[PDB]
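In what follows, a single structure is set out as structure tokens and then discussed.
Chains as they are written, first to last, in full-length UniProt numbering: chain A, 1 to 175; chain B, 1 to 318; chain C, 1 to 98; chain D, 79 to 200; chain E, 49 to 144; chain F, 1 to 35, 50 to 114; chain G, 88 to 169; chain H, 2 to 106; chain I, 1 to 347; chain J, 92 to 161.
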């Protein structure tokens with residue numbers, strides 16, 4: 001079973017996406033997003049991306065959606081909408097799981113599934129490379145090259161964040 | 001045997017939390033000219049058992065009537081994350097050795113706020129919701145400085161690996177190198193753990209019980225255990241980061257003793273601070289961080305970037 | 001393409017469909033936006049790690065930097081909408097027509 | 079397209095340097111100092127050819143030279159080297175720092191009996 | 049003090065990297081031989097496996113180029129035991 | 001598998017305690033006990063986000079210190095930090111940091 | 088003169104900002120005039136992260152050594168003295 | 002309207018990350034550096050229209066290295082037929098593939 | 001909004017578009033789009049009204065979806081080619097997704113529904129920026145990827161845009177909505193020639209930009225957002241309404257006015273590629289645009305609508321602010337037809 | 092008096108000491124009397140795998156020295 005941990009995680013990722021995509025109250029949506037973020041971190045870690053996946057755990061889960069939650073709390077709704085609360089939400093939730101199951105089964109049964117692209121049912125372990133990175137974390141060096149090579153990216157991103165602060169101030173002015 | 005190691009990390013930490021409660025009570029009493037619990041057992045050693053049993057046998061009130069799933073997840077998440085954050089700590093050999101254990105602990109601390117966030121909301125009360133919001137702001141506000149200060153000090157470590165902190169501080173404590181950062185980091189730990197003078201969340205004097213006003217019996221006990229476990233874990237992180245200890249590879253017991261003693265000293269410092277100062281006003285708390293601390297942390301971060309380059313003391317990556 | 005790519009592309013498609021089909025709340029749609037961004041981060045990270053494109057391992061980070069900028073903009077708009085109407089409901093964004 | 083020309087099993091059979099990582103690391107400096115020529119030749123072959131198959135013989139020569147290096151160590155400095163690598167094996171990171179005294183003993187013996195000089199830093 | 053100790057640490061790191069450099073050629077030879085042997089075993093077992101399948105060349109390269117391509121994990125460990133596959137794929141990631 | 005084991009064990013232990021604390025004491029026999051303002055200061059939360067972004071951008075610095083172009087690396091790192099300080103100063107001076 | 092008055096007022100009323108600006112200014116300025124920065128660059132260069140791939144000897148490369156421990160090639164004595 | 006200001010002013014604003022075979026830190030090679038280098042060297046100065054067909058072999062090899070669809074298809078066929086023969090009982094995996102021999106170091 | 005901040009936001013918008021038109025790396029092009037959105041949103045809400053907030057929210061949602069689809073297309077093209085360079089796109093699905101995203105950014109139908117609403121919500125100056133400057137970046141991106149573009153999808157979107165722009169305008173009495181529908185139709189005209197000859201798209205874009213600049217500046221000068229408020233203008237500033245009539249006739253494409261040359265050259269290029277039915281349908285469908293232009297002209301200048309007594313007060317005063325480029329924009333929008341062969345400069 | 096606080100601190104000290112000693116001794120027991128090898132980089136994991144193959148009992152901590160040679 002440990003042979004397809006990545007696939008199990010990807011299925012959980014899709015399930016969380018169906019959860020927050022069916023639009024329950026933003027509380028449960030936040031829960032689905034949090035679960036999906038953790039699971040994406042798991043997949044990234046499995047592929048060797050410890051730092052990148054951990055970034056989602058902190059700057060995405062404990063970041064963008066940590067305020068998403070703080071926001072919903074300020075705009076409190078009368079009732080916590082759940083999947084079963086609206087027949088459509090529950091129906092779409094079930095259909096989404098069913099859709100995943102259909103493609104999953106087809107991919108496994110039909111060695112080569114083709115929804116919009118062509119996918120092979122072989123385990124993800126196949127695609128991995130047999131090279132050695134030596135005394136290095138390739139992800140770490142690539143990310144740290146943002147200061148040595150990606151100076152232009154640094155400039156543009158910093159300017160965007162400053163203008164984002166100014167923009168948020170201006171939008172929340174309200175005159 | 002790895003499961004045995006997990007249990008050895010978990011259960012003693014819970015026992016330490018239980019007895020930390022008694023230690024806090026006695027220390028606060030003695031600093032107030034009083035004697036801590038001493039009737040229940042010799043010198044009060046059996047008081048935590050009585051407290052726990054009384055809590056558990058107590059009525060399980062629950063007028064939440066909203067998202068009971070959340071009202072149950074919040075204690076689970078809090079306790080689970082409190083126990084997990086202990087895992088990567090090297091004492092001196094970590095249970096799980098991560099190249100980025102530091103960022104892992106930062107992420108787990110950020111997640112742990114959701115426990116307070118949900119508990120207060122699913123309670124669906126007045127103090128609970130507003131108090132939970134004040135919590136989010138408090139932890140969120142100090143999370144920024146916590147990260148900056150941590151990055152600034154690790155610039156000397158050369159990695160986010162907790163284990164290498166022992167090697168880096170082999171000859172001297174990092175407090176000598178970064179004491180201003182150490183002071184700000186200590187205050188940051190105080191804020192993150194929601195301890196006095198930043199005990200605004202619970203804030204009994206102002207908010208009847210804060211986020212846990214609608215939590216009783218066992219779930220309240222789990223919140224208490226999570227709080228105290230976070231206190232001990234954050235003090236242990238401080239001890240590892242700044243007050244390094246000598247580690248003899250052949251006898252880890254010496255390092256373990258030294259580390260435990262330093263963490264105990266820092267926890268006693270936490271209780272001491274709780275006794276001495278009054279509570280910062282919610283507004284004053286944020287003023288102290290974004291307007292007063294955040295600047296100095298930025299300046300010290302620039303300095304700690306520049307120093308290894310201008311002193312040719314760039315630490316080894318491995 | 002391995003099945004993980006299929007799953008993540010499916011997640012992005014599902015999130016896109018959810019965003020394009022609002023129900024009442026704007027926050028749910030903003031949740032779908034953040035979710036689509038997560039799918040894109042995971043897909044980009046998997047591609048870059050598998051191909052050992054060392055110099056592109058920062059692209060996922062910049063994507064998230066701008067993902068949070070977009071989220072922040074969305075919340076900054078949502079608060080104003082709520083102030084003007086009392087709810088985040090989409091049906092109140094009705095003054096402009098055609 | 080074409081068939082991959084994988085070499086036979088017999089040609090790729092070579093005598094193996096069956097020593098653990100700590101043992102290799104203990105002798106790493108003197109091994110590099112003594113066995114440099116075949117190792118550098120094999121590396122040049124691998125990097126120019128970019129085919130593992132093309133440079134099998136150079137790898138065989140590297141393995142043989144390593145075996146000769148270790149045979150000489152066994153002949154002349156067996157016990158000090160054993161103590162050195164047992165010291166190194168204890169440390170999880172296999173650090174050189176903790177075993178400086180055993181390193182000095184091994185270096186002194188190897189300089190006396192075999193005349194090898196440990197290469198300097200850099 | 050930190051400057052002195054960090055300079056010494058960089059010196060020791062250079063020493064350790066020099067040791068790795070000294071040992072690298074032997075490891076490269078061993079790795080190349082192991083990869084070739086694993087590929088040969090896969091090819092032989094594959095000929096036995098797919099002899100009866102029609103219109104299947106054995107060991108036909110999937111790339112047009114007649115140049116060595118580093119085999120993926122799937123080629124080398126395709127038909128080994130699951131424990132070997134789990135080790136080769138996720139050992140360094142999971143080891144802690 | 002070690003990290004997965006640790007996560008599983010911790011979560012199961014905490015959930016087990018929640019069970020023994022939500023249901024086990026709930027058996028004990030008893031009787032019947034009967035039983050928001052729009053925060054515009056949420057701007058602080060939004061500013062945290064954009065500052066957390068710079069936090070993320072700054073984390074690679076320990077490995078960034080290992081490059082050979084230390085001049086360019088230092089210039090860009092101080093550039094990002096000075097832009098963050100400028101953002102803080104702007105929000106401060108424009109009374110945007112109106113906490114509570 | 089007025090600058091001294093501004094500094095005194097700033098230290099009296101906003102000492103934290105004064106400390107921060109002083110530290111940031113030093114962090115900006117000092118590395119430029121520090122002699123050891125080039126030493127840090129050289130140290131980072133000297134670290135042998137990747138293998139030193141040998142080069143074919145065509146008989147016209149006096150400077151490149153033929154073997155370690157030969158006098159030709161770079162030296163790390165400066166770091167050892169450091 | 003792609004004003005090639007980078008080429009006019011000789012500024013490498015973003016072309017460093019354009020390809021996987023460009024210079025990378027510590028000369029860490031890409032997984033498909035050889036194929037990409039060959040494809041670019043083939044498709045240099047001949048124009049996109051010519052490159053789409055006169056370098057199709059290089060591009061196909063590059064795509065195969067990137068995605069390995071054909072390699073995975075071949076391996077899937079091998080595993081299918083091995084399972085089929087095992088069910089029929091006319092195949093027995095070798096002891097070394099079963100783990101009965103120590104792999105080469 | 002503080003004027004320094006307003007200038008910084010406008011420069012950020014322009015810098016985002018410059019990054020879009022300057023970068024050879026897809027990630028940076030998407031970054032430029034993100035900067036454009038971030039800077040644009042507060043600019044749309046310079047004057048704070050509930051309508052301004054609603055328009056900003058709609059625009060943000062639409063552009064955010066477009067950017068997300070664009071980034072997914074970039075990621076897919078990376079997955080199948082491993083190239084970040086803006087060039088031929090090597091996956092048809094990525095090409096289709098990118099085309100949909102860029103069309104949504106341009107307001108091409110059936111992604112047009114947001115253009116009239118956003119234009120009505122925002123002020124005349126924000127509308128000018130939205131309908132002139134914002135079009136530059138996506139059109140640049142499409143021109144760079146023109147070869148990969150599937151001609152059928154682009155042509156269908158162009159024809160639908162022309163049809164819908166013509167239809168919607170007939171029903172509108174709000175000047176801003178009329179301008180938005182005209183913009184939709186002209187965007188369809190520009191994107192029609194994109195598969196065939198990009199220089200024609202650039203020429204049409206320049207002519208359209210001049211005409212819309214002139215029209216919006218005339219509306220700002222007249223301070224009219226409705227047909228009747230514009231009708232009142234003849235009593236105050238007859239020259240303004242006369243020039244408005246001339247610019248409207250140009251926008252309709254009537255010869256010998258400058259508005260004729262983009263349509264003429266587009267028809268030429270399409271016919272050279274054996275497209276005969278499509279240019280014919282586009283030219284005929286432009287008559288709806290011409291119709292509502294003519295109705296606006298009847299309301300404004302050709303016929304004198306009733307005024308109000310209080311206008312006698314405005315007679316005494318004069319316009320304080322002068323828009324320097326308005327006369328030259330009018331001249332270029334109306335009298336540049338004798339100078340088409342200069343269409344080889346942008347070539 | 093204040094020394095009465097000490098017994099609780101001592102119990103807490105023992106409880107905190109237990110996990111570190113437990114981890115150290117469990118690592119020693121599992122890794123054959125030596126510290127658990129730390130693999131922060133793929134080279135170290137490659138060394139561990141090579142040691143596993145060399146040992147012959149599929150345990151890396153088992154160390155083969157000069158005796159295996161010739």
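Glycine included, C-beta positions come from ideal geometry on N, C-alpha and C.
Where does residue 123 (chain E) land, buried or exposed, given buried means 16+ other C-beta within 10 angstroms? buried
So residue 119 (chain B) and residue 74 (chain B) are supposed to be a Cβ contact under 8 Å. How far apart are they, rounded? 4 Å
May I ask which residues mark the beginning and end of the alpha helix (DSSP H) holding residue 144 (chain B)? 127–157
Figure out for me which residue from B:127, B:184 and B:210 has the closest Cα to the Cα of residue 153 (chain B). B:184
Where does the unbroken beta strand (DSSP E) through residue 259 (chain B) begin, and where does it stop? From DSSP, residue 259 (chain B) is part of no beta strand (DSSP E) but of the alpha helix (DSSP H) over 252–276.
Establish whether the CB of residue 249 (chain B) and some CB of chain D are separated by less than 8 Å. yes
Residues of chain E with CB closer than 9 Å to the CB of residue 171 (chain B), please, in chain order. 49, 50, 52 and 53
Going by CA-CA distance only, name the one from H:79, H:66, H:14 and H:25 that's closest to residue 129 (chain A). H:66
In the DSSP assignment, what are the bridge partners of residue 129 (chain A)? E:120
Give the range of the alpha helix (DSSP H) segment to which residue 37 (chain H) is assigned. Run containing residue 37 (chain H): 34–43, per the alpha helix (DSSP H) assignment.
Interface residues of chain G around residue 272 (chain B) at Cβ under 7 Å? Ordered by position in chain G, no residue passes the 7 Å Cβ test against residue 272 (chain B), which lies about 25 Å from the chain.
Any C-beta of chain E within less than 9 Å: which residues of the segment 23–52 of chain A qualify? 45, 46, 47, 48 and 50
Excluding sequence positions up to five away, which residues of its chain have a Cβ less than 7 Å from the Cβ of residue 223 (chain B)? 75, 78, 212 and 215
Compute the distance between the beta-carbons of residue 162 (chain I) and residue 340 (chain I), then report whether it is under 8 Å. no
Please state the DSSP three-state secondary structure of residue 320 (chain I). Here residue 320 (chain I) sits in coil by DSSP.
For residue 102 (chain J), the residue or residues it bridges with in DSSP: DSSP lists no partner for residue 102 (chain J).
Would you check if there are 3 or more beta carbon pairs closer than 8 Å linking the segment 118–129 of chain A to the segment 75–86 of chain H? yes
Return the CA-CA distance between residue 111 (chain D) and residue 118 (chain D), expressed in angstroms with no decimal places. 11 Å
Within the chosen definition, does the segment 80–95 of chain B reach the segment 95–114 of chain J through at least 3 CB pairs nearer than 8 Å? Judged by Cβ distances under 8 Å, the segment 80–95 of chain B makes contact with the segment 95–114 of chain J, as three or more pairs qualify.
Exposed or buried, which one is residue 157 (chain G) when buried takes at least 16 other CB atoms within 10 Å? Exposed, because fewer than 16 other Cβ atoms sit within 10 Å of the Cβ of residue 157 (chain G).
Within chain B, the residues that residue 154 (chain A) reaches when beta carbons sit closer than 7 Å: Ordered by position in chain B, no residue passes the 7 Å Cβ test against residue 154 (chain A), which lies about 14 Å from the chain.
Measure the alpha-carbon distance for residue 147 (chain B) versus residue 36 (chain A) and round it to whole angstroms. 24 Å
When the Cα atoms are used, what is the spatial distance from residue 313 (chain B) to residue 106 (chain G)? 24 Å
What first and last residue would you give for the alpha helix (DSSP H) that runs through residue 102 (chain B)? 101–123
Rounded to the nearest angstrom, what separates residue 83 (chain F) and residue 85 (chain I) at their Cα positions? 26 Å
I want to see whether chain G comes within less than 8 Å of residue 84 (chain F), judged by CB atoms only; does it? yes
Please specify which runs of the alpha helix (DSSP H), each continuous and at least 4 residues long, are wholly inside the segment 29–96 of chain A, giving them in chain order. 50–55 and 65–74
Look at the alpha carbon of residue 99 (chain B) and the alpha carbon of residue 17 (chain A), and state the distance between them as a whole number of angstroms. 30 Å
Closest residue to residue 41 (chain B) among B:34, B:50, B:33 and B:35 (Cα-Cα distance): Among B:34, B:50, B:33 and B:35, the Cα nearest to that of residue 41 (chain B) is on B:50.
Residue 74 (chain F) beta carbon less than 8 Å from that of residue 143 (chain A): yes
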